[PDB]
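Shown next, in structure tokens, is the structure this report addresses.
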Amino acid sequence: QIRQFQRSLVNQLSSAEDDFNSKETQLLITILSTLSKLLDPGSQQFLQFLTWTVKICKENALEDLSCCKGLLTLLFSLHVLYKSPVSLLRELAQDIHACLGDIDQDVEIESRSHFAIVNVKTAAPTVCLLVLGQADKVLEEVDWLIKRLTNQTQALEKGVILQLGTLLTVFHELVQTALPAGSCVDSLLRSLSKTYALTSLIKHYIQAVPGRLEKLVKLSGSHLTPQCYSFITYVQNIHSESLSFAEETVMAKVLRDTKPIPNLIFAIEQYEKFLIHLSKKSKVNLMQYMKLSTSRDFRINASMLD
Amino acid sequence: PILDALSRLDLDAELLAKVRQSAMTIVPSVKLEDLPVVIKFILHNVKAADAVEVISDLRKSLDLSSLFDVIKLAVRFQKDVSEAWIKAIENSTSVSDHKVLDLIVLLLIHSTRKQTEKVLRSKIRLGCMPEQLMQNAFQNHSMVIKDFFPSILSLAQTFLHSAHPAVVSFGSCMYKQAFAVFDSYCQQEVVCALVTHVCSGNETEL
Amino acid sequence: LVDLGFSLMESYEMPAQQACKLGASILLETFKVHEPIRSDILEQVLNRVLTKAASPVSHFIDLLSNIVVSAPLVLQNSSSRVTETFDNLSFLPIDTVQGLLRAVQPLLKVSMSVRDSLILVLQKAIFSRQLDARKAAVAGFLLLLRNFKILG
Amino acid sequence: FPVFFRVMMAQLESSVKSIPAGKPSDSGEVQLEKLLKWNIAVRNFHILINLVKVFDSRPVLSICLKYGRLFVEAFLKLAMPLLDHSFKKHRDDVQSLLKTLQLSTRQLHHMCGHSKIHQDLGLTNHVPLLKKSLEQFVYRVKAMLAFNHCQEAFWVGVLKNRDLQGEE
DNA sequence: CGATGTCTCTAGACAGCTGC
DNA sequence: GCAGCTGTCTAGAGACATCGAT
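Chains as they are written, first to last, in UniProt numbering: chain A, 957 to 1106, 1121 to 1167, 1169 to 1179, 1187 to 1226, 1241 to 1298; chain B, 247 to 312, 349 to 394, 399 to 492; chain C, 384 to 396, 415 to 553; chain D, 1231 to 1398.
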């Protein structure tokens, strides 16, 4: 049944932009997302269909927004019961960073294209909110795994460290993205506060040290915190530019675009604080990897007061 | 009979409003055997946002006078007005001095729960509800004791053991008061709860 | 088991829907195999359905239908305590009355007393000039006509 | 000293908190009356923070971290609403109060860094909340500047980490 | 406890930039 | 010659962050 629907999509998607009839595309994409639900796990047709929607994603370059959003949901509603989606999320984050600019706007990211769907336009909240939506889901179940972690214990720690290691590579390549203003920035700041709450796994292992966990903090120290603070030095100017477009009270738009920043600082230090407890107790110094905490001050420019 | 007919008849908003304000104006003026049909009508027939203060008007009407179990059944018939009653006693106790009818209807809604006990804890931390009134209530209105309803009220002491231990003493006092009236089976159930208390838990409730 | 199920329906109000499913399952199992307590189970479920309309309460009617289609004689064993339930025409008779009558259809048919009670309650309900009461009356009429079969 | 330091900070913070809360320009001649109070309050706070520099005793730092955080939070909650309306009535004196506050609270980040460097378990426990409160102050100043349409007059800049009365 | 405002957007319109 | 066509502006509707204490 899907094969005939597959034929309709491949013919319709390959058609010119003048014959896109978006209403048809949304329904046919959703019709697959509903019919693909009941495909059994123990079938090969699961795979060639799954590799087909991946290969259709690698090749096709669709500029519609709801079309991209709907199709991605299907891919993430099926690559959630077969394997670990973090491999896909990383690849999506690889493309978003390549597609958009850079957080430091000084070093040029290589113009790679893991997916052709993500263009100069689709890297907008269209995709960046879905990726962070999936990333939140992965972190949500990891909390359950961490809850379960707190002879079978060794196996649990293997996956969590491996997944979080991949998950950290996702956010590291995603926090370096030059995100536009709006809710996409706000989601990243809050989601960064979630992944750090890394704290619970550290908090559990206080009961014990393993080399794999040390490598994770080595990764976390060298991939998240120094890059994370660079984001805050950037969000301050993108909101200053966004705040000039007021009536062109404001108190709503000043205590709403900056609220995540204090919370992210607190999450970093709380994770940083529990490293102190482990470093002393576990008789191993694991802080040479990371750097000193950075804070910020101001000086009201009274010269340009009026 | 007019309100009974309008109960039988359907409802239209414009007339319902004026007739219902007229009813509220004429609830307390009649003998205690006559207004219960009016209260039952406004309970199971009328439901609106203004009920949150109409029930306060009813509380003021019934404040003085406080066998007459028809009001309880009328409140049983509907539950949304009971939630409105909880909302009203959230602020009625904030101004009025916890009349006996307030605690009676609070027991009734707690019987028919989570919001009631949240309100109870809040006013435990707020004003501790001088319990002489409820002592008089258990002295005169013991016909609705039925320990299953005040059992949760007593076991709320366990949640009230984190702080404010005086309210635990007040709960002990009111279980002492409720024991010495009637209901020998309820008395033995109370003794069973007390031996449960001396068995499980720390030495405080012991 | 029966206390656990009673408080399961109490604590319901998706994990809550799964809790409803588990409670219905355990209640049906303990009703099907336990003889002297099935009357107690029927009394508990009859006392639990009343004064419950804000939360989705379709579970009560559906498990009642299942347990009466598995064992219809329990109500007569309970001396037909469903007569008091006829007052539900004022709480929420949008779908609960229809499902309840659907469930109790065979026991209304076999038992003449409950049929007489139903016809009299609906006869006094129909001429009540309330929209809700008339809706309940017509809903009951929709079922009572097909309750009795003579076509063949 | 540490007993004196504890009681002095506690009393100063309590007196600062006891000041009446925010008001939407309800009364004239009060928006300047209730600014000299906070001027002398921040003067006292700066004096105490300077007195920290001579006595680096661990209980002294433990007191200072917590009570500086509490005083900063109280300032943000109470004085700043007054500042929103009083900025138009009075311009330089409120600015001077802000300069004094930045002069004082800038040392608290140095104390947090020093606590983190020495891995003091019993002293680093207060770092995160204080750092969050300092960031909250940094951005609430932006909010106050927005209350009077002064948005190009703000510049949040990186703070160079320093040792207690030292460097780095 | 959670009603509410804020925001990505998809289209339509009549109105500015094509034209005429 | 003022007849044609070409697009940001505005209202629809739906999802989210904090909205503001119960």
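We put the CB at the ideal spot given by N, CA and C, even for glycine.
Which residue marks the beginning of the beta strand (DSSP E) containing residue i, and which one marks its end?
| i | result |
| --- | --- |
| residue 1287/A | 1287-1290 |
Going along the chain, which residues of its own chain have a beta-carbon closer than 7 Å to the beta-carbon of residue i, five neighbours each way excluded?
| i | result |
| --- | --- |
| residue 1314/D | 1374, 1377 |
| residue 469/B | 431 |
| residue 1280/D | none |
| residue 512/C | 477, 481 |
| residue 383/B | 305, 308, 309, 312 |
| residue 473/B | 465 |
The alpha helix (DSSP H) spanning residue i covers which residue range?
| i | result |
| --- | --- |
| residue 1386/D | Careful: residue 1386/D lies outside any alpha helix (DSSP H), inside the beta strand (DSSP E) at 1386-1389. |
| residue 584/C | This structure does not reach residue 584/C, given that chain C is present from 384 up to 553, and the question cannot be answered. |
| residue 251/B | 248-254 |
| residue 385/C | 385-395 |
| residue 1238/D | 1232-1247 |
| residue 1293/D | 1288-1319 |
| residue 1175/A | 1170-1175 |
| residue 424/C | 416-434 |
| residue 1198/A | 1189-1201 |
Answer yes or no: does any C-beta atom of chain C fall closer than 8 Å to that of residue i?
| i | result |
| --- | --- |
| residue 433/B | no |
| residue 255/B | yes |
| residue 392/B | no |
| residue 361/B | yes |
| residue 447/B | no |
| residue 427/B | no |
Considering only residues of the same chain and omitting the five flanking positions on each side of residue i, which have a CB-CB separation below 6 Å?
| i | result |
| --- | --- |
| residue 1009/A | 1031 |
| residue 1144/A | 1049 |
| residue 1088/A | 1157, 1161 |
Beta-carbon within less than 8 Å of residue i's beta-carbon, same chain only, minus the 5 sequence neighbours each way: which residues are those?
| i | result |
| --- | --- |
| residue 508/C | 469, 473, 476, 477, 481, 483, 515 |
Is there a C-beta anywhere in chain A that falls below 8 Å from the one on residue i?
| i | result |
| --- | --- |
| residue 1336/D | yes |
| residue 1396/D | no |
| residue 1294/D | no |
| residue 1365/D | yes |
| residue 1385/D | yes |
| residue 1297/D | no |
| residue 1313/D | no |
| residue 1303/D | no |
Flag residue i as yes if its beta-carbon sits less than 8 Å from any beta-carbon of chain D, otherwise no.
| i | result |
| --- | --- |
| residue 1268/A | yes |
| residue 1280/A | no |
| residue 1164/A | no |
| residue 1265/A | yes |
| residue 1261/A | yes |
| residue 1291/A | yes |
| residue 1253/A | yes |
| residue 1248/A | no |
| residue 1287/A | yes |
Just checking: is the beta-carbon of residue i within a distance shorter than 8 Å of some beta-carbon in chain B?
| i | result |
| --- | --- |
| residue 540/C | no |
| residue 532/C | yes |
| residue 452/C | yes |
| residue 529/C | yes |
| residue 455/C | yes |
| residue 410/C | Shown without residue 410/C, the model has chain C running from 396 straight on to 415. |
Going by other Cβ atoms of all chains shown within 10 Å of its Cβ, with 16 needed for buried, is residue i buried or exposed?
| i | result |
| --- | --- |
| residue 1272/D | buried |
| residue 1149/A | buried |
| residue 978/A | exposed |
| residue 1243/D | buried |
| residue 478/B | exposed |
| residue 1063/A | exposed |
| residue 414/B | exposed |
| residue 1078/A | buried |
| residue 367/B | buried |
| residue 1372/D | buried |
| residue 450/C | buried |
Completely contained alpha helix (DSSP H) runs for the stretch 1331-1377 of chain D, where each covers 4 or more residues: Residue ranges of uninterrupted alpha helix (DSSP H) with 4 or more members, entirely inside the stretch 1331-1377 of chain D and ordered along the chain, are 1357-1377.
Only counting runs of 4 or more residues, tell me where the alpha helix (DSSP H) segments fall wholly within the stretch 443-478 of chain B, in order along the chain. The stretch 443-478 of chain B contains these whole alpha helix (DSSP H) runs: 452-465.
Fully enclosed by the stretch 1123-1148 of chain A, which beta strand (DSSP E) runs are 3 residues long or longer? Listed in chain order, there is nothing to give.
Of all the alpha helix (DSSP H) runs that stay within the bounds of the stretch 1017-1054 of chain A, which reach a length of 4 or more residues? If only complete runs of 4 or more residues are kept, the stretch 1017-1054 of chain A shows the alpha helix (DSSP H) at 1021-1034, in order along the chain.
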